[PDB]
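Notes for the one structure printed next.
Each reported figure results from applying straightforward, stated rules to the coordinates on display, with no laboratory input. Here Cβ is always computed from backbone atoms with ideal geometry, including for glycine, and neighbour counts include all displayed protein chains.
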Amino acid sequence: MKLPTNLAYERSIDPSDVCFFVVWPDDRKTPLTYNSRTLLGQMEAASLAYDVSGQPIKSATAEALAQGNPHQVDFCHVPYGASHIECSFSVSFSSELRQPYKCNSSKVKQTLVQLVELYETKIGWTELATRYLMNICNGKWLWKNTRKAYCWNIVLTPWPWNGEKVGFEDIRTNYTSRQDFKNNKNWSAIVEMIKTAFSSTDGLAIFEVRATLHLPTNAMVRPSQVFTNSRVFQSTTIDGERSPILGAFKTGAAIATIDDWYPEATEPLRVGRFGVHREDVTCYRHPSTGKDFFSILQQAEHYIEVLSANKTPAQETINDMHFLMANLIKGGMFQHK
Amino acid sequence: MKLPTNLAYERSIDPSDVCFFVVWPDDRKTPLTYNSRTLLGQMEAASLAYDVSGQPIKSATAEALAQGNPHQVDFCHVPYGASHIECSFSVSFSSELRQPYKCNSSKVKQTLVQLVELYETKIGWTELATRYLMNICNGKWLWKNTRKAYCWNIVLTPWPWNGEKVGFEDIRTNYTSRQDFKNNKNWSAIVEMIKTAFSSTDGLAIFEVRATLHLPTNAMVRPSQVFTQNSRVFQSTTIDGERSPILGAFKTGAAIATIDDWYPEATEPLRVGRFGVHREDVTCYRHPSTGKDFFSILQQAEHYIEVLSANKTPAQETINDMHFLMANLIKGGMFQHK
């Protein structure tokens, strides 16, 4: 199947910025603040003592290499008498994946629409909705702040909902595997919200998520930081103060670390075309593998006879279908030429 | 009938820009603001890994394709402790479709003048004025902001009016179909303004429209954006000393006039225009080969006068051609040639 000259979708998951608060004892809240401060380190660079080839430069003597290298960073920490930290944002799950946002070819629109209806019927939305929601219900969107913490707690507030807010107390102890989430009192009622949101022409499903981090005394917080003072935080205005925030696009990248179907999978990757790993600077699912999104999107006509048959599909060629569906929930421009 | 060398009308519906405000608890209002910020995404384009034909380009190895692509967007969101968002603008309905603004042919001016008087008598202005007024009274002019919201409300303030402002509370629940709008306490009195505006040589009918959006916590708002490295650049005005996003006047008028569901295989209503286009799937319904574009219906305008001046009920097929004929005169435009 050819790529058209116009093909684009909208995203089906819409997160927001994360706001950081300081809860004091006797329960008053205050927005967390930060300050820039200059520091002074050693002169480690391997470019100040060596050249490009690798022999020692003769200008950097032992006295000139112990001189003092001043830097300037932003610095954010928990105040002294504080109790814990609130972190609050919101997610929507809203059915944009059913038909393309823009598509000049009517044949490609019919083919893309059938796939979503075939996938919904033959495979179902249970596997993807479980994998997105297990990144909300633990501290995956709290990136490094989860690390080096006593405990953290997640409280959900789903909107088309009756009552009794959903709580996930003491992660790192109680919510480790997939089965620990399914043992919650109301887990099948929240998974079937995301399934109803994807399976309907107007599905809505808003969540209000709020966390509670119990850090050590006077400890660090790690917010997101700007693209360009060497470490500059991203910030908004709460009341009249500046306050560090976790970026909206940073938060959506944490909900979508699902991709563990690339051919030698150990660690789940953030969902993308030719899905990259930023730990080791490589692309798993390179176009030479044949298992990027554009080599699977061309096999969309072949995947229709697999799903419209009656034999259960091979697990190997439904991992290609989970990756096809996860890139349409992600959205993007799919043009060419 | 041939097209004259000069034919043009004025528009009969005049919207304005939509201004956004932030309402705080204790009911103080502040204009909504935005900022630009740079982000860092992956290197997805399909022109960075593939060539025009379809084989993989060989300069894009696995390391060079995992490198990092910085962009820059405008970013507008609801503040943290905010309650909701006001959205206010105004529409007028002003009878410019009664006569041509400019027409050098007196036979064509007479034919056009007769059609509006026979449409008004035989068919009436109830069908068009109900379709325009529904797009004001729900959040159609709030394009994507209606999506992903808790609820929204519309309050009308019509000008040649006695009192008691007209309210439409909790759309997506209370106002879904045509009959839900008709069950309002004063819906007929506002439809009979737009009818009286069209049915008169000096019809005026001003509406002051104000909305109230209950978004989630810290949520996104989607304003209109300029027709221009910044990737997303919003349209803006100045309220007090602060830039603030708008949702433009041309954009607002395109939302009131998404009415055209008379094209030959109609599913979704289109924006009213000549050879009515659909920008979702980039095609023209009502193409000149269909025979149901607006310049093929002008050439049968002498034919439509014998149908409307008979006594037999007009066929639905040839009065859905009259609704599209009337909706393009309310839209206005140069109708010349050559």
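Couple of notes before you dig in:
- Taken over the Cα atoms of chain A, the convex hull encloses 200 Å³ per residue.
- Average other protein chain Cβ within 10 Å of Cβ, residues A:89-96: 3
- Region A:1-90: trypsin sites (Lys or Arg not before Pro) falling in loop per DSSP and having at most 10 other Cβ within 10 Å: A:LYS2, A:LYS58
- Distance distribution P(r), the protein assembly as shown, all Cα-Cα pairs, bin width 10 angstrom from 0: 2, 12, 20, 22, 19, 13, 7, 3, 1, 0, 0 percent.
- Peptide B:207-219 has a mean shielding of 4, counted as Cβ atoms of other protein chains within 10 Å of each residue's Cβ.
- Cα-based shape type of region A:1-114, given that a ≥ b ≥ c are square roots of the gyration tensor eigenvalues and the cut on a/c is 1.5: oblate
- Of every Cα-Cα pair in region A:227-268, the percent that sits beyond 17 Å: 57 percent
- Helix-only [θ]222 nm of the protein assembly as shown, DSSP H runs n ≥ 4, -39500 (n - 2.57) each, per residue, nearest 500: -6500 deg cm²/dmol
- Rounded if a/c under 1.5, otherwise prolate or oblate - region A:113-237, Cα gyration tensor axes: prolate
- Counting Cβ atoms of other protein chains within 10 Å of each Cβ in A:3-12 and taking the mean gives 1.
- Near the amide H of A:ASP259, within less than 5 Å, lie the amide hydrogens of A:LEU269, A:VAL271, all on another chain or at least 5 residues away, with H placed in the peptide plane.
- Shape call, region A:1-45: gyration tensor on alpha carbons, a/c limit 1.5: oblate
- Residue ranges B:38-45, A:121-128 sort as B:38-45, A:121-128 when ordered by packing (mean number of other C-beta atoms within 10 Å per residue, highest first).
- Most to least packed among A:263-270, B:215-222 [average Cβ atoms within 10 Å]: B:215-222, A:263-270
- Geometric extent, Cα atoms of region B:192-338 - Rg, Dmax (angstrom): 20.0, 64
- For region A:45-98, the set of chymotrypsin sites (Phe, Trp or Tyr not before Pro) satisfying both a DSSP loop assignment and a count of at most 16 other C-beta atoms within 10 Å is given as A:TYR80.
- Here is the list for region B:125-227: trypsin sites (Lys or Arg not before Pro) lying in DSSP coil, each with at most 13 other C-beta atoms within 10 angstrom of its C-beta, are B:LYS144, B:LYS165, B:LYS185.
- Here r is the Cβ-Cβ distance between B:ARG232 and A:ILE57 and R0 is 45 Å; the resulting FRET efficiency, rounded to 0.05, is 0.45.
- Mean projection area, nm², convex hull over Cα of region A:216-285: 7.6 nm²
- Efficiency of FRET between A:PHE75 and B:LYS338 - r from beta-carbon atoms, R0 60 angstrom, step 0.05: 0.25
- Cα centroid separation, region B:219-275 to region A:13-90: 43 Å.
- Distant-in-sequence amide H partners of A:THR236 (H built 1.01 Å from N, under 5 Å): A:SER243, A:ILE245
- Whole-Hz Karplus values for region A:39-55 come out as 10, 8, x, 6, 10, 6, 9, 6, 10, 9, 10, 10, 9, 5, 6, x, 7 Hz, taken residue by residue from phi with 6.51 cos²θ - 1.76 cosθ + 1.60 and θ = phi - 60°; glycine and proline positions read x.
- Partners for B:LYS185 among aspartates and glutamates (Cα-Cα distance below 18 Å; same-chain residues under 8 apart left out): B:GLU164, B:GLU169, B:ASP170
- The H on the amide N of B:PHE21, modeled in the peptide plane, is under 5 Å from the matching H of B:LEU32, B:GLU86, each at least 5 residues off or on a different chain.
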